[PDB]
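In: here is my input; please provide its structure:
(5 chains)
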Amino acid sequence: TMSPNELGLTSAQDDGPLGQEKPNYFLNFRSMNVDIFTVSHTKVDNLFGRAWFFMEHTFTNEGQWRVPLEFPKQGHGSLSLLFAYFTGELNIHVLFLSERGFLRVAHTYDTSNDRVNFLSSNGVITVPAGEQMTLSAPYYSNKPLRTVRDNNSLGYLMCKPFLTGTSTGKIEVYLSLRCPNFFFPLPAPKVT
Amino acid sequence: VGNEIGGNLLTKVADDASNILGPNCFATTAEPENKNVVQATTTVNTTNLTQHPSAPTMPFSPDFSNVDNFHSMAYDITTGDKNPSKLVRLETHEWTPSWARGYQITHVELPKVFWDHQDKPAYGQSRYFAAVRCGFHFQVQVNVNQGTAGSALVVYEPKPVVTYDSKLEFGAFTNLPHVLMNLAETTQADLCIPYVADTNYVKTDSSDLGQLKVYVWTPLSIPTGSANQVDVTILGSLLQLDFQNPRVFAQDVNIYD
Amino acid sequence: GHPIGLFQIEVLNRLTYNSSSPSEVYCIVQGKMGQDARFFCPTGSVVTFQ
Amino acid sequence: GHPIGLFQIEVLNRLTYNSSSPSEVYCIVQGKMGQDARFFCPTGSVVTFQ
RNA sequence: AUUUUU
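Out: Residues are numbered from 1 along each chain as shown, chains lettered A, B, ... in the order given. Coordinates below:
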């Protein structure tokens, strides 16, 4: 039968270990699980499998664009802030808004700003002018886990546009992740 | 007999006065989560007694193996443990030419020499224990060019010998674990010495358990052109180590009577 | 959107005490989702965290 | 002969109390031999009992 | 790592 513990009478100091799926009941009530969709939208793989805006850059020259990729404190991706460590594939969505040209895109977890000066083997995919691509950067990190908060939690993204004439433009970037491994959930964030 | 029956004297009554709509009340009685118990926890030489314990906690689906499966540190897991038994340089003196036979080249305070400086692998632990019981493995090294010749006596002298050293006849020291090592023939001597004393344990940081010495069997015959600076080095390893008596940090404690 | 409901904690029996015990105590209210909890559509954000 | 060792009882957490309880208590230290205790040679006496 | 889907 039902114990008084499952009827509401408990002790907060006896909750450890963390993660106790204890059932709560009372007459005329029982946990009822009803599904509306064929699958879950709470699963990490599904939720995060959907991109979210990151930032935009307006180029004028053929200079390079180096930016510390990090988890959002803004979109639905904020749900990541509930975790401390991450590891797995990273999907980067880049939109190359230009009349005539090409956009070199690369990604690395390497902090050194000189290993990027060349782009030899940092994944120089080419998005023709007015096009957009979605490259999935592997976990080529030198650290087993990525603190989820760091201003560079995610590796740096590089964008060296190869323009042809006076043409200029802007590169909007949004991103998601493929199968994410989050660990050791931390306390909920505050609001600004 | 009473004082707990609150569950089946309310759960049943309703179950007895229930209609097609079922019982209109359910009552369950049991013991509180915070029961009258006592918990005891023991770590190395420690015991924590608590009479008001609480449910222990821990992270989600935790892994306490504590072993890095990637081995970011390629070493044996027991490296830190065995570290203090590691081979180390105990001494290095210079064989000054023109030293008659029997002359003592260099000595070494056993076993406190393994904690000779704070830079000794064993120095760390040695400080938290007053008693010691260990075995030794010495390797006295002496290098000399082929042109030169000579011989040194590497011998282990227990406290008994060290005490009455002058009363003993040199040339008979070959009765003790030694290595008459003829230069120009051998560059290193090996000596395996077990725990030797008149007491089960020796006070840490003591000269007890004897000491290893190196004498001049036959003085160095160094030709004219040949070099004249021969160095004698004493290396030591602990075949087996054992620190028992706990004590304050490096405080002289008397295990003896 | 719409509130979850009205939450009220009324006094039933005055908190009793004695010479060496407090005449008033502190209370904490926590909240979580049930074992049948579910979330469905992800939408935009209404606030910015830090 | 040689002492058994240094015996020290330090305070870890101040003895708490209330209006009707003592602010300090009495303590007693007893000593005995373990189940592996043994004595060996009988010797002369160093003191005289009564 | 059915850690694309069954």
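
In: ok, what's across the strand from residue A:161?
Out: residue A:103 (DSSP bridges).

In: OK, contacts around residue B:58?
Out: By CB atoms under 8 Å, 6 or more residues apart in numbering or on different chains, the residues touching residue B:58 are A:16, A:17, A:18. Any C-beta I mention is one placed from the backbone N, CA and C, and that applies to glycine too.

In: which among those residues gets closest to chain B?
Out: Nearest to chain B out of the contacts of residue B:58 is residue A:16 (CB to the nearest CB; 2.1 Å).

In: what's the nearest residue to that closest one if we skip its chain neighbours?
Out: residue B:57 (2.1 Å; CB to CB, 6 or more residues apart in numbering or on different chains).

In: show me what contacts the residue in chain C that chain D sits nearest to?
Out: Going by CB to the nearest CB, chain D is nearest to residue C:20 of chain C, at 3.5 Å. Counting by CB under 8 Å, 6+ apart, residue C:20 touches D:18, D:19, D:20, D:21.

In: just put these in TSV and tack on distance to residue A:115.
Out: As requested, these are arranged in TSV below (distance: CB to CB, whole Å):
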residue	distance to residue A:115
D:18	67
D:19	71
D:20	73
D:21	69
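
In: and of these, the nearest to residue B:134?
Out: residue D:21 (53.7 Å; CB to CB).

In: where do the helices sit along chain A?
Out: Using DSSP state H, the helices of chain A run over residues A:44-47.

In: element containing the residue nearest to residue A:16, please.
Out: Under the criterion DSSP states H and E, no helix or strand holds residue B:57.

In: and what of residue B:239?
Out: Assessed by DSSP H and E, residue B:239 sits inside strand B:230-240.

In: from the rest of the structure, what touches that strand?
Out: Contacts of strand B:230-240 (CB under 8 Å, 6+ apart): B:84-95, B:97, B:105-106, B:108, B:113-114, B:122, B:134-144, B:148, B:150, B:152, B:183, B:192, B:194, B:212, B:214, B:220.

In: and if we set it to 6 Å?
Out: B:85, B:87, B:89-95, B:105-106, B:108, B:134-135, B:137-142, B:144, B:214 (CB atoms under 6 Å, 6 or more residues apart in numbering or on different chains).

In: what of stretch B:244-251?
Out: B:127, B:129, B:130, B:131, B:253.

In: most neighbours, which of these?
Out: residue B:130 (24 neighbours; other CB atoms under 10 Å in any protein chain shown).

In: who's in contact with the residue of chain A found nearest chain D?
Out: Proximity of chain A to chain D (CB to the nearest CB) peaks at residue A:13, 17.9 Å away. Applying CB under 6 Å, 6+ apart to residue A:13 gives the contacts residue B:54.

In: how near is the residue nearest the centre of chain C to RNA strand E?
Out: Residue closest to the mean C-alpha point of chain C, counted by CA atoms, centre = their mean, is residue C:29 at 3.7 Å. Computed as CB to the nearest atom of the strand, to the nearest Å, the residue C:29 to RNA strand E distance reads 37 Å.

In: related to what we said a few turns ago, from the contacts of strand B:230-240, which land in strands?
Out: B:89-95, B:105-106, B:135, B:137-142, B:214 (DSSP state E).

In: list buried residues within those.
Out: The neighbour-count test (16 or more other CB atoms under 10 Å in any protein chain shown) marks B:90-91, B:95, B:105-106, B:135, B:137-142, B:214 as buried among the ones in strands among the contacts of strand B:230-240.

In: tell me, how many neighbours does the residue of chain B found nearest chain D end up with?
Out: When scored by CB to the nearest CB, chain B has residue B:257 as its residue closest to chain D, at 4.6 Å. Counted with other CB under 10 Å, residues neighbouring residue B:257 total 6.

In: burial count for the closest residue to it other than its chain neighbours?
Out: Setting aside the residues directly before and after it, residue B:257 is nearest to residue D:1 in space (CB to CB, 6+ apart), at 4.6 Å. Neighbour count of residue D:1, defined by other CB under 10 Å: 5.

In: helix, strand or coil: sort out residue D:1 for me.
Out: coil (DSSP: H, G, I helix; E, B strand; the rest coil).

In: so it is in contact with residue B:256, correct?
Out: No. In this structure, residue D:1 is not within contact of residue B:256 by CB atoms under 6 Å, at 9.4 Å.

In: before we move on, back to that, from the buried ones among the ones in strands among the contacts of strand B:230-240, which is closest to residue B:13?
Out: residue B:135 (78.5 Å).

In: the contacts of stretch B:244-251 in strands, which ones?
Out: residue B:131.

In: what's the most distant pair in the contacts of stretch B:244-251?
Out: Farthest pair in the contacts of stretch B:244-251, by CB to CB: B:127 and B:131, 12.9 Å.

In: hang on, the earlier thing: got the buried residues for the strand holding residue B:239?
Out: Applying 16+ other CB under 10 Å to strand B:230-240 flags B:230, B:232, B:233, B:234, B:235, B:236, B:237, B:238 as buried.

In: let's have these in TSV, adding distance to residue A:174.
Out: Compiled in TSV, the buried residues of strand B:230-240 are given as follows (distance: CB to CB, whole Å):
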residue	distance to residue A:174
B:230	76
B:232	74
B:233	68
B:234	70
B:235	65
B:236	66
B:237	63
B:238	63
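
In: any idea how far the residue of chain C most remote from its centre is from RNA strand E?
Out: Most distant from the centre of chain C: residue C:19, at 31.3 Å, with distances by CA atoms, centre = their mean. In this view, residue C:19 and RNA strand E are 60 Å apart by CB to the nearest atom of the strand.

In: SS state for residue B:206?
Out: Under three-state DSSP, residue B:206 comes out as coil.

In: OK, contacts around it?
Out: By CB under 6 Å, 6+ apart, the neighbours of residue B:206 are residue B:112.

In: so which strand or helix has the residue in the stretch 51-200 of chain B that chain C sits nearest to?
Out: Among all residues of the stretch 51-200 of chain B, residue B:60 sits closest to chain C, at 15.1 Å; criterion: CB to the nearest CB. Secondary structure here is read from DSSP H and E; on that basis residue B:60 sits in neither a helix nor a strand.

In: where's the residue of chain B closest to chain D, which helix or strand?
Out: Following DSSP H and E, one finds residue B:257 outside all helices and strands.

In: hmm, it is touching residue B:203, no?
Out: No. If you go by CB under 6 Å, residue B:257 and residue B:203 don't touch, sitting 11.7 Å apart.
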